[PDB]
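Asks: Okay, handing you the structure first.
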Amino acid sequence: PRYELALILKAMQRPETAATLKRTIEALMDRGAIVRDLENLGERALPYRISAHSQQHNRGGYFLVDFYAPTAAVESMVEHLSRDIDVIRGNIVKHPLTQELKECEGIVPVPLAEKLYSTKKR
Amino acid sequence: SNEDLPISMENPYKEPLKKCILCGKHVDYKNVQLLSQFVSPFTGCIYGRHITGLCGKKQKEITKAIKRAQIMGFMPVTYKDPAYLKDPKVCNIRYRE
Amino acid sequence: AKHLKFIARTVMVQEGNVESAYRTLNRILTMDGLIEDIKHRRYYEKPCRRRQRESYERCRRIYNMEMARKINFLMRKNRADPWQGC
Amino acid sequence: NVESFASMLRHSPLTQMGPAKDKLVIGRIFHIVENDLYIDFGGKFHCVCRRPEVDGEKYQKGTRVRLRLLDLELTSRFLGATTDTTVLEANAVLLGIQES
Amino acid sequence: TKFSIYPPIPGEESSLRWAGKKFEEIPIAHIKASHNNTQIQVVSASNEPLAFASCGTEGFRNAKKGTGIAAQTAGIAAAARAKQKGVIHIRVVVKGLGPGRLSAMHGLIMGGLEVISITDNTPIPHXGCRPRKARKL
Amino acid sequence: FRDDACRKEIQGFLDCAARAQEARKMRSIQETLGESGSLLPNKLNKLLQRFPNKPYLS
RNA sequence: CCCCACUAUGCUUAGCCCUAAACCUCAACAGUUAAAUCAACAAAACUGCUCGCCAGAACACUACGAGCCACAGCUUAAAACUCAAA
Ligand code: FES
Ligand SMILES: [K+]
Ligand SMILES: [Mg+2]
Ligand SMILES: [Mg+2]
Ligand SMILES: [Mg+2]
Ligand SMILES: [Mg+2]
Ligand SMILES: [Mg+2]
Ligand SMILES: [Mg+2]
Ligand SMILES: [Mg+2]
Ligand SMILES: [Mg+2]
Ligand SMILES: [Mg+2]
């Protein structure tokens, strides 16, 4: 299916970041994935401190990899990212653009519930 | 029979159903700016739908996106990211007297 | 512990008015439910007891909001008697 | 050739008005209690409007005024009630006086 | 400019100053308001301890420590030792809902310190350790 | 414990107690009058008597 | 009952045990709101069809028999004596 890899990389110089991305995209292809696009979301301060591979991180490079892969590649890729020392945090989710949003007519009002109690005099 | 008798039909004056501010829009966990508009600035607590004004479907979408974004490294948990404090105030809550 | 400090639950004092800053902070923590949450967490509330409390609190909200809605609806009728003497 | 009730109802101004929310109507003050003006505007129920602060003395019994209607009858069903509670008055906003 | 209750964010260029010091440079008064005691420690922005006072160190014992006046006395004592070390403005970080939560802050002010901000850091577990069983009273 | 040296502080405490003594006398009057209250339970119950909730059919 | 300390235990894995006010004490499916609405209370009153279950209290979540990884257990489950009530 179509997946989205949300990849937070260690803050590095341009050469080491390109080597990490190439090494990560090749890992996807080695597992049978068809990589569709690579998006750079920019280097930013993390929302909190993240400890990864005996190091503390406060900034990271946010990248996205849109790709298709067999269902068995996800588990194998997650294991690969856990060993890459230049990856702070990597998560694979089902691509949000696959889920088609159903149409909505609006808010249907809810009337106050009726006949909850008998009408006998108490 | 008679021309002036009422005729059966649907209410012509019926108003269109109201929609939430996010009706028809995609809620992504990477759009931290939008998600930040539905958490407390001081505590990061997700606002209930009585504060956000969202429909049930979008209250769930926002909630699930926030929880995903927080643990994936996109959004803080204990406070609203200060970068997003000057965004439009869409929630119905006032903390200053 | 891993987050930045002096952002969460932080209120700045204006013109040395520490009372108003503390009241604002207490109002913030109260509205977000933290004060009541801290109190309920001092001793363990068993799940059966928590479910009963939530049911009681939800039924109280419905009753209180419906009584308030009726009070506001009838308040206009609190005007002086237009037909006094009849 | 006697007009039927169905005909009277179809061609009545109250029928032709449609929904009452945000409709401008002409009312007449028929009863006054202190600064509460009781105004009939052609509906089942009168509305009660407070005397405006400006030109309050111009509003007297018989004075015709302009109203913006909100509801012809204020009614609501409350928790546990079997029927709707009615206050037996219309909801309207007093705009001013009508003059020629 | 209008007043902002939100604290200045470190790394941005704010105009607020206190004795020529930025918000990130103001010392911190850590108040631990427990149910049976109140502890106050003033530290520098670099985490250097400057003064410590608690209801117990001010000569209160047993239930008297868990009072507002006991915390107020601890605040004055901590303020006095901190003022000698050059402290005027402090950032208050209070954790706990004890009786000396607010009184400890008053004592810091009566002792000559100016509170520029108040921070709550009461630990709230998001799901955490199981607390002790309820009391039968 | 010499009152001669603590005059200003004593006069403060004395005035503060007097203000709190009068304040209770003020509050009590305004509480019964309802000057600050949204409505008095007594007044708010006479209004409900006129529009009683009807959980039964008539 | 209140305070402190600490164990079995609450967790995981692999097997047992098979019990709860396991109760929303309101069976499944289909249907109705009219007639008589209806002991009381509770969560208005009923029809069709089917399975399960019940027939004074207590003895009795007991005895015996039988089955079961259960061996101070579980399930099924009586009788005698006693009472005019429960
Ligand atoms: S009202 Fe349409 S999605 Fe919310
Ligand atoms: K039950
Ligand atoms: Mg143990
Ligand atoms: Mg676990
Ligand atoms: Mg159960
Ligand atoms: Mg049963
Ligand atoms: Mg069955
Ligand atoms: Mg029997
Ligand atoms: Mg048993
Ligand atoms: Mg047995
Ligand atoms: Mg046996």
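Labels used: A, B, ... for chains in the order of the structure tokens, numbers from 1 for residues in each chain, and numbers from 1 for ligands as shown.
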What lies within 9 Å of residue 91 of chain D using only C-alpha atoms (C1' of nucleotides), ignoring chain neighbours under 2 positions off, as a PyMOL selection string?

Replies: chain D and resi 46-49+68-74+89+93

Asks: 12 Å from ligand 4 is the threshold here; counting only C-alpha atoms (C1' of nucleotides) and all ligand atoms, which polymer residues fall inside it? Answer as a PyMOL selection string.

Replies: (chain E and resi 127-128) or (chain G and resi 10-12)

Asks: Export, as a PDB file, in the first residue's frame, the selected residues with C-alpha atoms (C1' of nucleotides).

Replies:
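See again.pdb below for the written result:
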```pdb
ATOM      1  CA  UNK E 127      -2.003   7.879  33.128  1.00  0.00           C
ATOM      2  CA  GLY E 128       1.942   7.029  35.991  1.00  0.00           C
TER       3      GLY E 128
ATOM      4  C1'   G G  10      -1.607  -6.607  40.402  1.00  0.00           C
ATOM      5  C1'   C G  11       2.824  -6.998  34.968  1.00  0.00           C
ATOM      6  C1'   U G  12       5.196 -10.487  30.935  1.00  0.00           C
TER       7        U G  12
END
```

Asks: Please return, as a ChimeraX atom specification, all residues of chain C lying within 8 Å of chain F when only C-alpha atoms are considered.

Replies: /C:71,74-75,77-78

Asks: Using only C-alpha atoms (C1' of nucleotides) and all ligand atoms, what are the residues with an atom within 10 Å of ligand 1, set out as a PDB file with N, CA and C atoms, in the first residue's frame?

Replies:
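The resulting file, pocket_32.pdb, is reproduced below:
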```pdb
ATOM      1  N   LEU A 101     -12.105  11.581   2.123  1.00  0.00           N
ATOM      2  CA  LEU A 101     -13.021  12.163   3.094  1.00  0.00           C
ATOM      3  C   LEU A 101     -14.441  12.122   2.547  1.00  0.00           C
ATOM      4  N   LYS A 102     -15.338  11.473   3.281  1.00  0.00           N
ATOM      5  CA  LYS A 102     -16.741  11.461   2.904  1.00  0.00           C
ATOM      6  C   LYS A 102     -17.311  12.872   2.977  1.00  0.00           C
ATOM      7  N   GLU A 103     -18.294  13.142   2.124  1.00  0.00           N
ATOM      8  CA  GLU A 103     -18.930  14.448   2.125  1.00  0.00           C
ATOM      9  C   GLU A 103     -19.799  14.610   3.366  1.00  0.00           C
ATOM     10  N   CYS A 104     -19.894  15.848   3.843  1.00  0.00           N
ATOM     11  CA  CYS A 104     -20.672  16.181   5.027  1.00  0.00           C
ATOM     12  C   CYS A 104     -21.720  17.219   4.661  1.00  0.00           C
ATOM     13  N   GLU A 105     -22.975  16.940   5.014  1.00  0.00           N
ATOM     14  CA  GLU A 105     -24.057  17.881   4.754  1.00  0.00           C
ATOM     15  C   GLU A 105     -24.122  18.992   5.791  1.00  0.00           C
ATOM     16  N   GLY A 106     -23.620  18.754   6.994  1.00  0.00           N
ATOM     17  CA  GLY A 106     -23.611  19.741   8.047  1.00  0.00           C
ATOM     18  C   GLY A 106     -23.937  19.096   9.375  1.00  0.00           C
ATOM     19  N   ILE A 107     -24.243  19.935  10.358  1.00  0.00           N
ATOM     20  CA  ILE A 107     -24.554  19.480  11.707  1.00  0.00           C
ATOM     21  C   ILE A 107     -26.051  19.212  11.796  1.00  0.00           C
ATOM     22  N   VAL A 108     -26.414  17.955  12.029  1.00  0.00           N
ATOM     23  CA  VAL A 108     -27.809  17.573  12.238  1.00  0.00           C
ATOM     24  C   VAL A 108     -28.161  17.824  13.700  1.00  0.00           C
TER      25      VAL A 108
ATOM     26  N   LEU B  17     -28.061  23.281   6.739  1.00  0.00           N
ATOM     27  CA  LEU B  17     -27.454  22.821   7.979  1.00  0.00           C
ATOM     28  C   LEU B  17     -26.163  23.582   8.245  1.00  0.00           C
ATOM     29  N   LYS B  18     -25.937  23.920   9.511  1.00  0.00           N
ATOM     30  CA  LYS B  18     -24.701  24.584   9.891  1.00  0.00           C
ATOM     31  C   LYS B  18     -23.530  23.614   9.810  1.00  0.00           C
ATOM     32  N   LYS B  19     -22.351  24.157   9.523  1.00  0.00           N
ATOM     33  CA  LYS B  19     -21.141  23.369   9.366  1.00  0.00           C
ATOM     34  C   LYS B  19     -20.063  23.869  10.317  1.00  0.00           C
ATOM     35  N   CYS B  20     -19.209  22.950  10.756  1.00  0.00           N
ATOM     36  CA  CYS B  20     -18.061  23.324  11.564  1.00  0.00           C
ATOM     37  C   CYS B  20     -17.024  24.037  10.699  1.00  0.00           C
ATOM     38  N   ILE B  21     -16.165  24.818  11.359  1.00  0.00           N
ATOM     39  CA  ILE B  21     -15.172  25.605  10.639  1.00  0.00           C
ATOM     40  C   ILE B  21     -14.229  24.735   9.821  1.00  0.00           C
ATOM     41  N   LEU B  22     -14.166  23.434  10.103  1.00  0.00           N
ATOM     42  CA  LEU B  22     -13.289  22.521   9.381  1.00  0.00           C
ATOM     43  C   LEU B  22     -14.050  21.599   8.441  1.00  0.00           C
ATOM     44  N   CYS B  23     -15.343  21.832   8.241  1.00  0.00           N
ATOM     45  CA  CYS B  23     -16.117  20.977   7.354  1.00  0.00           C
ATOM     46  C   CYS B  23     -15.551  21.032   5.941  1.00  0.00           C
ATOM     47  N   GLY B  24     -15.208  19.863   5.404  1.00  0.00           N
ATOM     48  CA  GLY B  24     -14.674  19.762   4.066  1.00  0.00           C
ATOM     49  C   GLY B  24     -13.181  19.974   3.948  1.00  0.00           C
ATOM     50  N   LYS B  25     -12.471  20.139   5.059  1.00  0.00           N
ATOM     51  CA  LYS B  25     -11.037  20.388   5.053  1.00  0.00           C
ATOM     52  C   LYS B  25     -10.306  19.208   5.673  1.00  0.00           C
ATOM     53  N   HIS B  26      -9.117  18.922   5.153  1.00  0.00           N
ATOM     54  CA  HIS B  26      -8.328  17.784   5.598  1.00  0.00           C
ATOM     55  C   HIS B  26      -7.528  18.162   6.838  1.00  0.00           C
ATOM     56  N   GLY B  53     -16.147  24.045  19.143  1.00  0.00           N
ATOM     57  CA  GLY B  53     -17.253  24.195  18.223  1.00  0.00           C
ATOM     58  C   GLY B  53     -17.231  23.250  17.049  1.00  0.00           C
ATOM     59  N   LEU B  54     -16.383  22.228  17.082  1.00  0.00           N
ATOM     60  CA  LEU B  54     -16.297  21.284  15.984  1.00  0.00           C
ATOM     61  C   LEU B  54     -17.405  20.241  16.090  1.00  0.00           C
ATOM     62  N   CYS B  55     -17.761  19.673  14.943  1.00  0.00           N
ATOM     63  CA  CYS B  55     -18.663  18.536  14.928  1.00  0.00           C
ATOM     64  C   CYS B  55     -17.951  17.303  15.479  1.00  0.00           C
ATOM     65  N   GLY B  56     -18.732  16.257  15.741  1.00  0.00           N
ATOM     66  CA  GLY B  56     -18.155  15.042  16.291  1.00  0.00           C
ATOM     67  C   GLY B  56     -17.066  14.457  15.416  1.00  0.00           C
ATOM     68  N   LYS B  57     -17.271  14.474  14.099  1.00  0.00           N
ATOM     69  CA  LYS B  57     -16.296  13.878  13.192  1.00  0.00           C
ATOM     70  C   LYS B  57     -14.970  14.627  13.229  1.00  0.00           C
ATOM     71  N   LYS B  58     -15.016  15.957  13.300  1.00  0.00           N
ATOM     72  CA  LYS B  58     -13.785  16.738  13.279  1.00  0.00           C
ATOM     73  C   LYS B  58     -13.147  16.845  14.656  1.00  0.00           C
ATOM     74  N   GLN B  59     -13.944  16.812  15.725  1.00  0.00           N
ATOM     75  CA  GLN B  59     -13.361  16.729  17.059  1.00  0.00           C
ATOM     76  C   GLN B  59     -12.511  15.474  17.196  1.00  0.00           C
ATOM     77  N   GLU B  61     -11.141  13.803  14.555  1.00  0.00           N
ATOM     78  CA  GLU B  61     -10.005  13.966  13.654  1.00  0.00           C
ATOM     79  C   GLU B  61      -8.926  14.842  14.276  1.00  0.00           C
TER      80      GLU B  61
END
```

Asks: Could you list, as a PyMOL selection string, every residue within 12 Å of residue 19 of chain G, counting only C-alpha atoms (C1' of nucleotides) and ignoring same-chain residues fewer than 5 positions away?

Replies: chain G and resi 61+73-75
